[PDB]
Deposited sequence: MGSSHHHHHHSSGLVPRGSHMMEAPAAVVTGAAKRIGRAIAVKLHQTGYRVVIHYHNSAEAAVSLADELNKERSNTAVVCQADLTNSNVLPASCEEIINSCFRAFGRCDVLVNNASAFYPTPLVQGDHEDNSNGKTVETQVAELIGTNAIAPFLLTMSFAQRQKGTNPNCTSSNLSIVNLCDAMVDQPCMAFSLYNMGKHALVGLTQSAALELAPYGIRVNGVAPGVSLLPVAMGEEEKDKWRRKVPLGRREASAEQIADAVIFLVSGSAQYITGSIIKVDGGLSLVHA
């Protein structure tokens, strides 16, 4: 039968593009979402209209807490319940906002959301994916600009660096099980919905290759590569998909 993938934060934007392209490649997909229930169910409907019984949704907060391990366990379980197997995990869900060091959320809430979604939830999902176990792999959505960070984003940056560490540590530890672990690191892709055009164009103008952001499809293309049989010897690699942005000095 068809392989199955979990994509976290898959209702919109890049995570939707990944779920769609996995689906088009022939995967069955768990569309995880947190708040975006209408968007999630709408996507699942679309996919299921293309091939029936091939998409389900799964709701979970990926904020760190004492129940996050259970929630991550349940996301993986939802793939096995729906499809009988889980071949691919894409850790795409992410919180992203400033946490200035010199200063309504409390700091322990910021830590829970930015470190939880970007790093701890990927770790617990990886553990559950490996434990619940062909071409198995995990793809972590990283950030090409992790070493040239946005001013005042220390906790987000910490979380994305931790995710690089997970990608490496998990690639090493899971290789004996045949599970590959790799990352895709966008530079500027879909800009934040809240961002003004003028601010969007400032970012666009910085990109060497075309002076434009990555499309969601372009990000998903690299994910599709890493899960594919064309990447069978690739583990612990993080592919930047950034149009050269990370090479540009100040």
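Stretches of the deposited sequence absent from the structure, as judged by C-alpha coordinates, are 1 to 22, 126 to 133, 164 to 172.
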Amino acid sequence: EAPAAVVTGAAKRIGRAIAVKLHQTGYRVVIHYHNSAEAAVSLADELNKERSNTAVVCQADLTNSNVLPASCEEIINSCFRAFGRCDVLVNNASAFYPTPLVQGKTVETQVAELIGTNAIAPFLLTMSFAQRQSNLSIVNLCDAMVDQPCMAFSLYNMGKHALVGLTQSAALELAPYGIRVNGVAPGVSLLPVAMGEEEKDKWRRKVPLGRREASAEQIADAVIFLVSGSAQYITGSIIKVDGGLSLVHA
From here on, numbers count along this sequence of modelled residues.
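We call the rigid core the largest set of C-alpha positions that still match within 1.5 Å between the two forms.
Each structure in 8 other deposited structures of this protein is fitted to the shown form on the rigid core, and of 207 to 215 and 49 to 57 the C-alphas lie farther away on average for 207 to 215. Residue 103 is a gap in at least a third of the other entries compared, counting only those with both neighbours built. Look at the C-alpha B-factors of 221 to 229 and of 186 to 194. On average they run higher in 186 to 194. Taking the PDB entry as given, 16 to 24 carries the higher mean Cα B factor of the two stretches 237 to 245 and 16 to 24. Within the selection 91, 169, 131, 157, the deposited Cα B-factor values reach their highest point at 131.
Residue 147: CA B factor lies in the middle third for its chain, per the PDB record.
In the PDB entry, residue 165 places in the lowest third of its chain by CA B-factor. Ranked by C-alpha B-factor against the other modelled residues of its chain, residue 104 falls in the highest third. The entry lists a Cα temperature factor for residue 111 that places it in the middle third of the chain's modelled residues.
In the PDB entry, residue 97 places in the middle third of its chain by CA B-factor.
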